[PDB]
Amino acid sequence: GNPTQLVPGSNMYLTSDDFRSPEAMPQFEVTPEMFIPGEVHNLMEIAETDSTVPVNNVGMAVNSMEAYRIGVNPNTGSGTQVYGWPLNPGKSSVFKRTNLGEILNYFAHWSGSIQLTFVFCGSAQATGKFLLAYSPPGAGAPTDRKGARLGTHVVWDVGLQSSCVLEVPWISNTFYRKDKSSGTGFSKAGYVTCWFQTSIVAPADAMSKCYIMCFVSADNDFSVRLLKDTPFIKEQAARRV
Amino acid sequence: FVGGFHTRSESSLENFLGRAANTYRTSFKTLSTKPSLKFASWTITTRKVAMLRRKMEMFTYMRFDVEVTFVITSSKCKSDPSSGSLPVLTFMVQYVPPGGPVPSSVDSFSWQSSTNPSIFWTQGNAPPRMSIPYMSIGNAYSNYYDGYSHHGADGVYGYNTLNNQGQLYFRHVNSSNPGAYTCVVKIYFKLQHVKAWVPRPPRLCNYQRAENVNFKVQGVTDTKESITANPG
Amino acid sequence: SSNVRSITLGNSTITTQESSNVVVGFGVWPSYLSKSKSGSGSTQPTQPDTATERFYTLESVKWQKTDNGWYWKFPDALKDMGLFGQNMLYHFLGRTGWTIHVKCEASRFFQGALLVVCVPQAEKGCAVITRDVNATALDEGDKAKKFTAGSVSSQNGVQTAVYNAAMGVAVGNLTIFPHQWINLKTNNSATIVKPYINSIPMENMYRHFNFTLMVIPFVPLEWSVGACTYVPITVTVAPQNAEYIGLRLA
């Protein structure tokens with residue numbers, strides 16, 4: 001029927017509307033598309049790529065290449081902790097600037113599992129054992145090597161393997177906004193910690209200090225919802241770049 | 001969650017980048033001694049809005065259409081109160097495609113060029129809207145260009161001439177005896193049918209210039225007290 | 001002993017480990033423009049040059065304890081080499097892919113890790129944020145440019161602080177580009193195959209750097225006293241499927 005009624009919401013501008021728009025250049029023939037390598041369809045493809053974790057974000061190490069490397073001295077430290085961090089890939093200072101972390105800061109809620117890779121960058125002659133301990137959410141970090149061994153853990157022998165991979169489930173956002181004040185400790189998130197099972201020993205010509213590197217990416221299908229503004233841009237809306 | 005709640009439709013290109021944003025606000029007047037105050041102009045670019053620029057710059061090459069919506073409000077200046085009569089104001093939004101003539105005043109002929117598409121809009125209606133297709137002579141827009149615009153001493157590093165998308169101009173459509181009015185226009189920007197190639201790391205440092213990538217050196221992340229996790 | 005293979009291209013031969021893995025950028029092998037050889041080839045003829053397919057070995061660099069990294073801008077790194085360099089002068093438009101080998105000469109008693117990454121459109125920022133980079137600060141052909149440990153303050157130079165990769169991003173996020181890690185306790189070489197990547201089918205090879213090769217040590221070199229104090233790093237490049245505008249009448 002040609003006679004109609006206009007309903008509430010007529011003639012308003014809703015910034016999220018999806019209506020057909022009039023075309024300003026209808027006679028213009030656009031350049032045809034050509035194949036370009038590396039087409040992206042979804043932002044989760046970026047988050048599934050490993051990036052280096054700045055585990056050593058202590059002091060001035062963030063202003064150099066030292067943030068990305070964890071120092072291990074030979075002949076010392078059996079039974080002590082090498083490093084550890086909470087499993088909050090969006091809000092923790094350890095993870096918030098990686099490829100996975102920056103994508104997650106654009107969304108209010110997310111969940112999935114993360115893949116953690118540890119690489120020993122010492123000489124081929126340096127041998128030793130590490131305990132990689134996983135604490136489930138609500139448990140808290142282990143206190144000694146015995147407690148770490150009594151939970152979920154992998155014994156990493158760097159004399160046999162340069163790399164060790166952990167797939168950590170039950171990863172989800174903990175807050176509606178960015179709460180880094182609990183950045184060191186999250187009561188809803190677990191931990192990964194590394195322990196000296198043995199020290200690192202070597203021959204006389206491989207006594208140099210060694211390093212471990214950590215990589216992170218989304219392990220499987222990761223879910224994100226509720227796109228928002230990233231908190232890494234502020235005061236620049238006023239400055240107009 | 002539930003048995004298959006795995007959802008990623010919100011991180012698709014269209015939902016990550018296809019959100020209407022306010023990219024520019026400016027004003028123009030019906031009457032002024034200074035001619036440049038009687039019209040407004042804006043070169044279409046996304047590089048001056050930080051939030052959109054960061055999102056757009058996770059990719060090297062892009063293709064999209066642009067939908068433009070104009071929110072135009074007016075107010076009366078402080079002057080003689082005899083002009084209590086308010087004939088309804090009409091507006092002209094002019095798109096100048098790459099290579100089109102550009103106006104120098106409100107009286108320039110370019111306001112009448114048949115090759116500059118224009119909208120004529122009177123106050124009290126739904127906001128005017130117009131769409132621009134993909135405008136480049138090349139096959140994609142480039143967010144990054146590691147080259148020089150031409151081979152000369154006047155070449156500009158990082159400037160790709162093929163990213164030209166046009167300009168928008170705004171003026172009142174006056175009768176013989178207009179009143180003194182000021183109009184503010186807010187331009188709303190939406191990308192449509194987006195394709196993107198070659199992903200890049202997100203911008204870490206603050207943006208310094210709208211035309212290049214210059215930055216001050218910034219630490220890779222924020223600091224914590226200890227490298228170990230301690231039981232609190 | 002590990003198996004090795006010899007590769008001859010034109011009048012050059014190199015040896016590689018058969019156990020070395022190849023990274024193909026974005027999964028795309030270089031190819032000619034043949035898919036669009038319709039009517040446009042009459043008004044825009046193009047010609048290949050298969051004699052540019054040979055190995056060009058650049059000057060080697062020395063990986064030291066205090067080394068922060070090197071970078072090479074491409075097409076530009078080969079502008080003075082040979083028939084490839086000559087074709088850059090004679091042909092206004094061109095396109096090409098590449099095979100890149102990065103090899104380290106290290107012993108089992110050396111330790112350290114490198115990242116080898118090819119970054120398309122690697123636009124670099126200026127050391128003064130109100131000025132612009134000169135062309136010599138970006139590349140000098142075959143000669144490598146170096147990163148620094150921290151911020152510099154050159155008037156028209158590149159901001160070369162390594163942990164921002166001269167582009168204003170976290171350097172740990174550079175794995176989004178085609179890359180290979182070199183860990184001296186497991187491997188000593190990288191092979192990256194780069195297709196042609198641009199917003200147009202062809203471009204001027206003196207005006208535009210299509211990608212930049214970066215070699216950045218994430219873990220520094222270390223050794224015992226009396227050993228060699230550096231590890232040589234050699235870059236070898238073979239252009240693949242180079243194509244240029246035709247010079248004849250229609």
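Derivation of every value follows stated rules applied to the coordinates shown; laboratory data play no part. All Cβ positions, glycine included, derive from the backbone under ideal geometry; neighbour counts span all protein chains shown.
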**Asked** Considering only residues of the range C:87-123 that are among the polar types (S, T, N, Q) and under 30 Å from A:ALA206 (Cα atoms), which is surrounded by the fewest Cβ atoms within 10 Å (Cβ to Cβ)?
**Response** C:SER107
**Request:** List every residue pair whose Cβ atoms lie under 6 Å apart, where the two residues are 6 or more positions apart in sequence or sit on different chains, the first residue falls within the range B:4-31 and is closer than 25 Å to B:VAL49 by Cα, and the second residue, located anywhere, is outside any helix (DSSP H, G or I) and of a type in the set (D, E, K, R).
**Result:** B:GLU10/A:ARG225; B:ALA20/B:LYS190; B:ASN22/B:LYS186; B:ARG25/B:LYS186
**Message:** Looking only at the range C:124-138, filter to residues that are surrounded by fewer than 21 Cβ atoms within 10 Å (Cβ to Cβ) and within 18 Å of the chain's Cα centre (by Cα); which one of those is nearest to the other protein chains (Cβ to nearest Cβ)?
**Reply:** C:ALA135
**Message:** So for the range A:120-137 (the condition being farther than 27 Å from C:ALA165 by Cβ, in contact with a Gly (Cβ under 7 Å, 6 or more places away or on another chain), of a type in the set (A, V, I, L, M) and part of a strand (DSSP E or B)), does at least one residue qualify?
**Reply:** yes
**Request:** Considering each residue of the range B:121-143, count those that are facing another protein chain (nearest Cβ under 7 Å), touching a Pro at 6+ places or on another chain (Cβ under 8 Å) and assigned to a loop (DSSP other than H, G, I, E, B), and give that number.
**Result:** 1
**Prompt:** Got a sec? Which of A:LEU166, A:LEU131, A:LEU160 is within 14 Å of another protein chain (Cβ to nearest Cβ) and within 26 Å of the chain's Cα centre (by Cα)?
**Reply:** A:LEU131
**Message:** Test of understanding: among A:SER217, A:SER199, which residue is crowded, with 16+ Cβ neighbours inside 10 Å, touching a residue at least 60 places away in the same chain (Cβ under 8 Å), among the polar types (S, T, N, Q) and out of contact with any strand residue (DSSP E or B) (no Cβ under 7 Å at 6 or more places or on another chain)?
**Reply:** A:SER199
**Item:** Scope the range B:55-99; condition closer than 30 Å to B:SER114 by Cα and among the charged types (D, E, K, R); matching residues
**Value:** B:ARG63, B:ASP65, B:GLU67
**Residue among B:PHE91, B:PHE70, B:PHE120, B:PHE59 that alone is among the aromatic types (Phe, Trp, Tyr), touching a helix residue (DSSP H, G or I) at 6+ places or on another chain (Cβ under 9 Å) and in contact (Cβ under 8 Å) with a residue 12 or more places away in the chain** = B:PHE59
**Asked** Can you find even one residue in the range C:116-130 that is closer than 30 Å to B:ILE137 by Cα and touching a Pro at 6+ places or on another chain (Cβ under 7 Å)?
**Response** yes
**Message:** Return the residues of the range B:205-232 that are at the interface with chain A (Cβ under 7 Å from one of its Cβ atoms) and of a type in the set (A, V, I, L, M); say none if nothing qualifies.
**Reply:** B:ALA210, B:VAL220, B:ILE227, B:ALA229
**Asked** Looking only at the range C:1-47, which residues are farther than 30 Å from A:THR31 by Cα, in contact (Cβ under 8 Å) with a residue 60 or more places away in the chain and part of a strand (DSSP E or B)?
**Response** C:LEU9, C:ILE14, C:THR16, C:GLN17, C:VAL22, C:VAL23
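Condition check ((1) crowded, with 18+ Cβ neighbours inside 10 Å; (2) without any contact (Cβ under 8 Å) to a residue 24 or more places away in the chain; (3) out of contact with any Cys (no Cβ under 7 Å at 6 or more places or on another chain); (4) over 27 Å from A:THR127 (Cβ atoms)) across all residues:
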| site | (1), (2), (3), (4) |
| --- | --- |
| A:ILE36 | yes, yes, yes, yes |
| A:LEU43 | yes, no, yes, yes |
| A:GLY77 | no, no, yes, no |
| A:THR80 | no, no, yes, no |
| A:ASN88 | yes, no, yes, yes |
**Message:** Within the range B:180-193, does at least one residue satisfy the condition of being more than 14 Å from chain C (Cβ to nearest Cβ) and assigned to a loop (DSSP other than H, G, I, E, B)?
**Reply:** yes
**Prompt:** Of the residues B:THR45, B:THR73, B:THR33, which is assigned to a loop (DSSP other than H, G, I, E, B) and loosely packed, with under 15 Cβ neighbours inside 10 Å?
**Reply:** B:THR33
**Asked** How many of the residues making up the range C:141-171 are in contact (Cβ under 8 Å) with a residue 12 or more places away in the chain and facing chain A (nearest Cβ under 8 Å)?
**Response** 3
**Complete:** When the range A:45-73 is checked residue by residue, the ones that are closer than 26 Å to B:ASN139 by Cβ, assigned to a helix (DSSP H, G or I) and not acidic (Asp, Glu) are A:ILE46
**Fill in**
With the first residue restricted to the range B:193-206 and required to be on the phi > 0 side of the Ramachandran plot, and the second required to be buried (at least 19 other Cβ atoms within 10 Å of the Cβ), Cβ contacts under 7 Å at 6 or more apart or on different chains are B:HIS193/B:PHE64; B:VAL198/A:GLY38; B:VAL198/B:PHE59; B:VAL198/B:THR60; B:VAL198/B:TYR61; B:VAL198/C:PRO120; B:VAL198/C:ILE197
**Message:** Can you pull out every residue in the range C:21-43 that is more than 23 Å from C:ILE192 (Cα to Cα) and out of contact with any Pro (no Cβ under 9 Å at 6 or more places or on another chain)?
**Reply:** C:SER34, C:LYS35, C:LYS37, C:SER38, C:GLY39, C:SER40, C:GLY41, C:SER42, C:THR43
**Asked** Do we have any residue at all in the range C:69-86 that's crowded, with 18+ Cβ neighbours inside 10 Å, in contact (Cβ under 8 Å) with a residue 12 or more places away in the chain and within 14 Å of chain A (Cβ to nearest Cβ)?
**Response** yes
**Fill in**
By my count, strands (runs of 3 or more DSSP E) wholly in the range A:186-239 with at least 1 residues that are within 14 Å of chain C (Cβ to nearest Cβ) and either out of contact with any helix residue (DSSP H, G or I) (no Cβ under 6 Å at 6 or more places or on another chain) or not hydroxyl-bearing (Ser, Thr, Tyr) (or both) are A:210-218
**Candidate set: the range C:184-198, residues that are part of a loop (DSSP other than H, G, I, E, B) and more than 7 Å from every other protein chain (Cβ to nearest Cβ); chosen: the one surrounded by the fewest Cβ atoms within 10 Å (Cβ to Cβ)** = C:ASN187
**So C:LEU114, is it farther than 24 Å from B:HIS150 by Cβ and out of contact with any helix residue (DSSP H, G or I) (no Cβ under 9 Å at 6 or more places or on another chain)** = yes
**Complete:** Scanning the range C:142-158 for residues that are closer than 22 Å to B:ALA153 by Cα and surrounded by 15 or more Cβ atoms within 10 Å (Cβ to Cβ), the one nearest to the chain's Cα centre (by Cα) turns out to be C:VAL158
**Request:** Might you check whether a residue that is crowded, with 24+ Cβ neighbours inside 10 Å and farther than 30 Å from C:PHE110 by Cβ occurs anywhere in the range C:206-227?
**Result:** yes
**Complete:** Within the range B:194-204, the count of residues that are closer than 27 Å to A:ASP18 by Cβ and within 14 Å of chain C (Cβ to nearest Cβ) comes to 4
